[PDB]
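Novice: okay, here's the opening piece of the assembly, coordinates as they are in the complex:
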Amino acid sequence: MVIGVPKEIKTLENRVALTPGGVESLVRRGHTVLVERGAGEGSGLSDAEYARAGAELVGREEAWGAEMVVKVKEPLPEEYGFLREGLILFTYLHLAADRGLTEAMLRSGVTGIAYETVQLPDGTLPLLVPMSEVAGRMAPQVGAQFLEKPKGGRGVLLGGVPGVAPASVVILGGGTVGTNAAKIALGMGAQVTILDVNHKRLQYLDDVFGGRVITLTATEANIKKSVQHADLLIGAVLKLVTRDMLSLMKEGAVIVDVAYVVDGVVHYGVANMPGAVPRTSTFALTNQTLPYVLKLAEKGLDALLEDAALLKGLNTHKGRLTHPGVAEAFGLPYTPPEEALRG
Amino acid sequence: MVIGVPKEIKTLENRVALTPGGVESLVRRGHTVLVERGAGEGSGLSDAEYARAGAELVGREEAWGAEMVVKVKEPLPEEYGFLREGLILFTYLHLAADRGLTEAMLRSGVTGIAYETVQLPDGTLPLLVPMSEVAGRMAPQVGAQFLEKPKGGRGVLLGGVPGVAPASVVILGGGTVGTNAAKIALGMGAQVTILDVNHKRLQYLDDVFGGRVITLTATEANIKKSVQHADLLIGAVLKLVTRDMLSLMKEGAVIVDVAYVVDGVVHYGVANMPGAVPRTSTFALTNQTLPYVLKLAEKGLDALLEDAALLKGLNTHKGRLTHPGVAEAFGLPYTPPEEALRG
Amino acid sequence: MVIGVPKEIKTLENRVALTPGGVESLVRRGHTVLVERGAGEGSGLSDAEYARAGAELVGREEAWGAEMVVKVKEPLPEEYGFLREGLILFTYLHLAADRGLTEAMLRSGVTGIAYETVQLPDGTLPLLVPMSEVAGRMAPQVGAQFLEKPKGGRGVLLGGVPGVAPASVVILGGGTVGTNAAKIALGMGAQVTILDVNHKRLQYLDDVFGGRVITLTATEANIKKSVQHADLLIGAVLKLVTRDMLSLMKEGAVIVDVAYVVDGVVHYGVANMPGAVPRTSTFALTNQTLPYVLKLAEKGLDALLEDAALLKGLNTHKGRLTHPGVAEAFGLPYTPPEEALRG
């Protein structure tokens, strides 16, 4: 199969859908990969590497000329023209949030597979989990930066120094994001308290952290008190913390919600934290996606029919909307993915 | 030399100055060891174990008849009668705090050596440290116990449980006692905060505990705030905490000062904590004293002239008071130990 | 809905079924809570606190007047009078152990939901787990206390001191009580050996504790050798140790079965350990019950038809016995909860 790797055009997006290592695995198996020049520069992956890996350095249009195009972000209006029927697109789509795109792909009849909807029997979204993991690792890093006086923060060090008390990092949510943030916050020296509604989850977290991390049952009483004394508040869920509670936070305190100033509290609202470390995110994403890319390049659409999880990743095929969530959202005809695939 | 080990007669004292293992080492070198019946029962060391080790089971008076008697506590008035010139008594003497005894020993001509005045060059008291060590470990243990409601405490568990925050343990002083308190309090799950005046000690404690224990410089401001939020306060020094601050502590909190209710705070005042665990104390003490006992058994008083440390242990000898401290304490003539020994 | 919180009258019981914090949550949602004065003093929660929470400090009878009464312990005879048909009683009932209570409730037609029977699909009892947890954290603490000589114990420190070996704490059962006890015993410095019949559980425990804890297959030979050298034996299961093995234990050793002297070994038999730490137990319990109190408070009995686990909490309704187990034990007419609820 002729696989394509366009360069991400969405501003500030520095990740890439395929690494040289991944290209090598493909070329090694007899496939041919067209990698648009500079597609990897954002993550330190030069054209030269993609060259030794066996890829073909092409231009923008040539890249979209492949049977399957592997990307990171969704297609911008500027790219709606490359969408065609026989083209299988594999990337983050987030259709439910962009009606424009949902129609443009539908009208184009392109078969689009969303990373975010690929999902295992237990409900986990294996191609979204990587980004959730770096986001968490990043939250306390970004938080620490903003607790810095020059950034208008309280001016304290998360773990203090011998003789001076560490700071308080309160984490709401014991999920993938919460746990990864806890690891780093703990490692930076802070007194980490993480809240969650599920007890089994807190029992598990108590096991992994010895007892070094304070676990509180996510009751309103506990959230209120935890937030009140937090120097750094990390939201990791998605109305759990009202602007009323805000006033209870000490001035200089910062809030980083993975899901400017208000009351003296610094809020950090910059979407893609994983975008600040493009190289890491890329390996994190591609190490999970490569296996699926290998199956599609090897069995085309039959790959989707042989893997329940991958199958669910299908949203658009021959003008049909095969994802129930997006259908209900825009009030459109939902066609069962397997059905639309066999027709 | 014939060595005697009487039973401790001071009420509640259950430690023993020589173990079956110590007896074996002496007997193996040719000395005859007289152990009063039941001398070790307080520590779980039966007469039977002493017999197998090579010890001879005798009566009280026969024990005191040896050339060298090895005890734990000081002779009570009831024993003043066994004191005699040629006898070398090795035990905790604590003379400065008991003129009646010091006068009884001085008048007797007995040669007494106090475990607590044996001193190394760097100033450490090797035969007294063991007790500070078990006292420290006992501290959080007794506090926990008293934090239990049934004993009038706040009714909390130091480490809490998954979902419930741990309690706060504040340790005043980072020396031997405070450091051993910390190890156990930390182990019990509590949030441990230890304050001290010496920064190098705090840096050290920060290293040994990773970051698990909050180290705070012992400023009045820091002592004030720590005490006020402490659930269990452990004093490990010897005027640092005034009854004033006492009113800051939440009720039910308890205090254990290794060095009854007042303001809703439970005070624990029961001296020898190491006494609650006589068998542990017995080994921690005898493991250190034995080496000296062997030297004395082998070289007589020359053990002192060949060891500056063991020399300072001498408090009395032939009517001479050989410890400056004890002298300045009772306004008595101080005779240099090395000088009194050679005359 | 009006909710009643009666003060626990069972002697020594100092736990309260609702916390000021839980009350505020209820009131915030427009509910009205009647707190019997001093109901939370046993756990350090004063009437003033409940007052600020929005509670109405009433008297005994008034508090049983609410539609729902949230308690900790089962109804004592003296209270049977309040049990009425339109009353929803949510508490620990242990009906299979109190026939008199069973019938008293059946005759009163009161709808009684037992905490201990609410059960999740995987079979866990979420409202009982909290108590299993504090019990375990307690086992070693209470075990340490009775190891003290003044208490008739062997007179040893679980973690010893530098140069003196630590004691041996054997835990039978790697479940929730076992695992929590292991944490505290490990923390106190003991050499912890835990036995279980399930291999995967031992594998997991080997992972959470690194290797710091000795995991042993619960064979009879292992149990026998462990019990024999144990300084502290912790029972956490329910005939696993016969009065025959008992003679193999060293004198002074103690046994704490979470499920007086016999042969020199100290047996600790004082039921509710969580009881000695009422405040902690209260929060651990009320943290898991609040979500359900809120659901009942908001949807009355529909809550049971909307939550399979909560439904299995129904033991008695309008004279019907909705719990199989209690019915089989007392040879009585078992009526399916969902059924009895719809009639």
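Specialist: That came through fine. Residues are numbered from 1 along each chain as shown, chains lettered A, B, ... in the order given.
Novice: contacting residues around residue A:159?
Specialist: With contact set as Cβ atoms under 8 Å, 6 or more residues apart in numbering or on different chains, residue A:159 has these partners: A:166, A:167, A:188, A:189, A:190, B:211. From N, CA and C alone the C-beta is placed, and that goes for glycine too.
Novice: Repeat the analysis, applying 7 Å as the threshold.
Specialist: Residues in contact with residue A:159 (Cβ atoms under 7 Å, 6 or more residues apart in numbering or on different chains) are A:166, A:188, A:189, A:190, B:211.
Novice: Would you report the backbone torsion angles of the nearest residue to it once chain neighbours are set aside?
Specialist: Among residues not flanking residue A:159 along the chain, residue A:189 sits closest, at 1.5 Å (Cβ to Cβ, 6 or more residues apart in numbering or on different chains). When quoted as degrees, to the nearest 10, the phi and psi of residue A:189 stand at phi 100, psi 0.
Novice: need the contact list for residue A:189.
Specialist: A:158, A:159, A:160, A:166, B:211.
Novice: which among those gets closest to chain C?
Specialist: Chain C lies nearest to residue B:211 out of the contacts of residue A:189, by Cβ to the nearest Cβ, at 16.8 Å.
Novice: Quickly note the distance from the closest one to chain A.
Specialist: As judged by Cβ to the nearest Cβ, to the nearest Å, residue B:211 and chain A stand 5 Å apart.
Novice: Then that residue would be within a strand, right?
Specialist: No. Secondary structure of residue B:211, determined by DSSP: H, G, I helix; E, B strand; the rest coil: coil, with no strand assignment.
Novice: what's the closest residue to chain C within the stretch 1-150 of chain A sitting at in phi/psi?
Specialist: Scanning the stretch 1-150 of chain A for proximity to chain C using Cβ to the nearest Cβ identifies residue A:122 as nearest, at 13.9 Å. With angles defined as degrees, to the nearest 10, residue A:122 shows backbone torsions of phi -80, psi 0.
Novice: The following sequence is to be added as chain D:
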Amino acid sequence: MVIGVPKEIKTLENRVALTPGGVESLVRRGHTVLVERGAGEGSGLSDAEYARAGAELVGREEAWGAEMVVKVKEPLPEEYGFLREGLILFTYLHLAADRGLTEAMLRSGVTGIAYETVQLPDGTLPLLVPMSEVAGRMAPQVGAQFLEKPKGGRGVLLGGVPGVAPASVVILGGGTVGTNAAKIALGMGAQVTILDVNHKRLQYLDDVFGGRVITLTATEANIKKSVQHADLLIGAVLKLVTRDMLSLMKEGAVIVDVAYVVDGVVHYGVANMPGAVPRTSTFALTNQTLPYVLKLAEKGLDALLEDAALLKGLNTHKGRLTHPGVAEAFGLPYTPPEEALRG
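Specialist: Placed with the earlier chains, chain D looks like this:
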């Protein structure tokens, strides 16, 4: 005594030489403290806090009118007028690096005591150590920040994510900065490798970190290979790394020397890192200086004659340059502090 606390006017300086709690100690001991309005704002310590503490909130000139002025940074030209004979100035002077200041101070006849030259017998600078510690904890924090792509870094996460290898942090120096950098670097999950020339120090670090951190003897071969594979390079000593080696460094890698771009490597040169977290630094610094301030307040210069470590802090007095390093550096008449003090 009358102690003055001027506000730091050096641009970007937000620390303050005295805290409310420290003012409380002095006032408690009969002294009067003149704190300049706003002196603690940069560290979040308002004028009101200082007022309640018992301090007198004054203007710029009043503060300098005290007998002893306590500052953080050295006096700027604009502040030379405040220097007079009877004045005792306590702050970081760094005289060897400012002739103009030194001359201004000698001409004025002001007795100047420098934090950085107060030295202990073993050679440590206790009033300098606090800052080395926060600079160290801060080093990987800042490095991580510049490793982010938007900042021009290689774009990686120091500890990676599950499945993605961590970054490499090399620390040159195992002193105070270096060890504190290691703790935080290791905590953020990076592969930390620290080099030093003292073997005992490396043995010590190896004991404190388990073996989680790689210790390399600081030979040129080792320094060269370490720098070459470093993703983040922290300098913590003071020619160890030449621009030659700089070309060995991967591009995007960043260097933080506590003691722009060149070859693709991002160099971070921004003096006072402790300044980013002014609050933590003030407490770290003042917690150490306070006891000295208390001694100078109580006995004046006699405090130096009663403390050998504090004595070496003297750099100027009645026109006498009392510090050898500075004297030799500028080629001026050196006068022993103990001598100049008694004249």
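Novice: since we added chain D, can you redo the contacts of residue A:159?
Specialist: Contacts of residue A:159 were listed using Cβ under 7 Å, 6+ apart, and they are A:166, A:188, A:189, A:190, B:211, D:137.
Novice: tell me which element it is part of?
Specialist: Using DSSP states H and E, residue A:159 sits within no helix or strand.
Novice: Could you tell me how far it is located from residue A:213?
Specialist: Counting by Cβ to Cβ, to the nearest Å, the gap from residue A:159 to residue A:213 is 14 Å.
Novice: and the two most separated of the contacts of residue A:159?
Specialist: Within those, two members stand farthest from each other by Cβ to Cβ: A:190 and D:137, at 11.4 Å.
Novice: How about the residues of the stretch 151-300 of chain A by chain C?
Specialist: Where proximity means Cβ under 7 Å from any Cβ of the partner chain, the interface of the stretch 151-300 of chain A facing chain C comprises A:199, A:207, A:211, A:217, A:219, A:220, A:221.
Novice: got the residue ranges for the helices in chain A?
Specialist: Along chain A, the stretches classed as helices by DSSP state H are A:20-28, A:47-52, A:60-63, A:99-108, A:129-146, A:176-187, A:199-208, A:220-228, A:243-246, A:278-299, A:302-305, A:308-311, A:324-330, A:337-341.
Novice: Dump those helices to a markdown table, plus mean neighbour count.
Specialist: Converted to a markdown table, those look like this (neighbours: other Cβ atoms under 10 Å in any protein chain shown):
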| stretch | mean neighbour count |
| --- | --- |
| helix A:20-28 | 19 |
| helix A:47-52 | 16 |
| helix A:60-63 | 17 |
| helix A:99-108 | 18 |
| helix A:129-146 | 25 |
| helix A:176-187 | 25 |
| helix A:199-208 | 19 |
| helix A:220-228 | 19 |
| helix A:243-246 | 13 |
| helix A:278-299 | 22 |
| helix A:302-305 | 18 |
| helix A:308-311 | 18 |
| helix A:324-330 | 16 |
| helix A:337-341 | 17 |
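Novice: tack on chain E:
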Amino acid sequence: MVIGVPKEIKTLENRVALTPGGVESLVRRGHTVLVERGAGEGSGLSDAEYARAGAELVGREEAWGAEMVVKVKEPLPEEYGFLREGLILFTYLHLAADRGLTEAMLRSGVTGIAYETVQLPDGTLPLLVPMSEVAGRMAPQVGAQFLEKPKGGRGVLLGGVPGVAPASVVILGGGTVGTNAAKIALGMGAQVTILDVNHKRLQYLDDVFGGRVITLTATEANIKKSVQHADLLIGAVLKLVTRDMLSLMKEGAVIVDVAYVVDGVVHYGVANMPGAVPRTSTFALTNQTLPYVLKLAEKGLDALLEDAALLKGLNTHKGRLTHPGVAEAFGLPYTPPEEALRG
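Specialist: That brings us to chain E, laid onto the chains above:
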């Protein structure tokens, strides 16, 4: 200076006294280095690496012609002819154990500096310590090997497996070899018990290990009981364990004394354990010796007069025996090093 590195001719010796990196350092400072061909092959350092480092690959005799010869082991009878007056020999000499060598060295007038007698003020032997460290790290490694049945051992795994108790490793000595042996044994999962006479050392070890390793004061009682239950016995001191106690040891147990079968136990007696990992050893030795070689090449003998620690490494010079210990062992004229040097 012209420096020479002969190949170690002692059978089985594979370490080398200088690495390509050390050669680079020397050559970089203008010295010329003669490395005998194949000198580092036993450590994996080829003649080509030495050539690239700037070394000159020479024959055996040419290497000896250098002004200074750096070796690992001592001169063999076959190498005595290379000794001359103007030669400075730096290596492990162990003269006190080789009269013949001491005599030959005196008759040749060669100036010999022993690695093992170079001593710091606190008494540490900085050039011998590296070997004590690798020997220690190896002890349990080699111990496990022989605990294997095929090698005749008891047939156990040091750390066992989940469900099976681990083995017991008893280390005699808390020194360098003992502390490092503890690290590996503990790392391999064994129950480690380490004994030592010095309490402060045992206190330190308790801090560094947390509580994972058992510390026992080295009394005869503890040694006997410890040895009796040991699966692996490591000697790390130097009559502490008699053939009597050897009978108390279980069959299959092995003994590794860093400092055949007898009674069923397996004695492992193969001198240089560091010799099994020459590469690791070469680097650990040369990393410490390089600084001294650099000082010796730069200042010749003035290096000893400028460093008291290195001065102690002098054993022979112009026919004078400058080491008191050796002089006393063989009964020959002792000449203070400083003196012999200035004449």
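Novice: again for the contacts of residue A:189, since chain E is there now?
Specialist: Applying Cβ under 7 Å, 6+ apart, we find residue A:189 in contact with A:158, A:159, A:160, A:166, B:211, D:187.
Novice: Pull the most distant pair out of the residues you listed.
Specialist: A:160 and D:187 (13.1 Å).
Novice: So residue A:9 sits against residue A:74, correct?
Specialist: No. Shown here, residue A:9 and residue A:74 do not form a contact pair, counting by Cβ atoms under 7 Å, at 11.1 Å.
Novice: Compare those two (neighbour count), which wins?
Specialist: Neighbour count, other Cβ atoms under 10 Å in any protein chain shown: between residue A:9 and residue A:74, residue A:74 has more, with 19 against 14.
Novice: OK, now which residue of the stretch 151-300 of chain A is nearest to chain D?
Specialist: In the stretch 151-300 of chain A, no residue comes nearer to chain D than residue A:187, which is 2.7 Å away by Cβ to the nearest Cβ.
Novice: contacting residues for that residue?
Specialist: Contact criterion Cβ under 7 Å, 6+ apart gives D:187, D:188, D:189 as the residues in contact with residue A:187.
Novice: Phi and psi next, for the residue lying closest to the second one once chain neighbours are set aside.
Specialist: Taking Cβ to Cβ, 6+ apart, and ignoring the residues beside it in sequence, residue D:188 has residue D:158 as its nearest neighbour in space, at 4.4 Å. The phi/psi pair for residue D:158 (degrees, to the nearest 10) reads phi -50, psi -40.
Novice: from the contacts of residue A:187, which single one is nearest chain B?
Specialist: Distance to chain B across the contacts of residue A:187 (Cβ to the nearest Cβ) is lowest for residue D:187, with 7.8 Å.
Novice: separation between residue A:13 and residue A:152?
Specialist: The gap separating residue A:13 from residue A:152 is 28 Å, by Cβ to Cβ.
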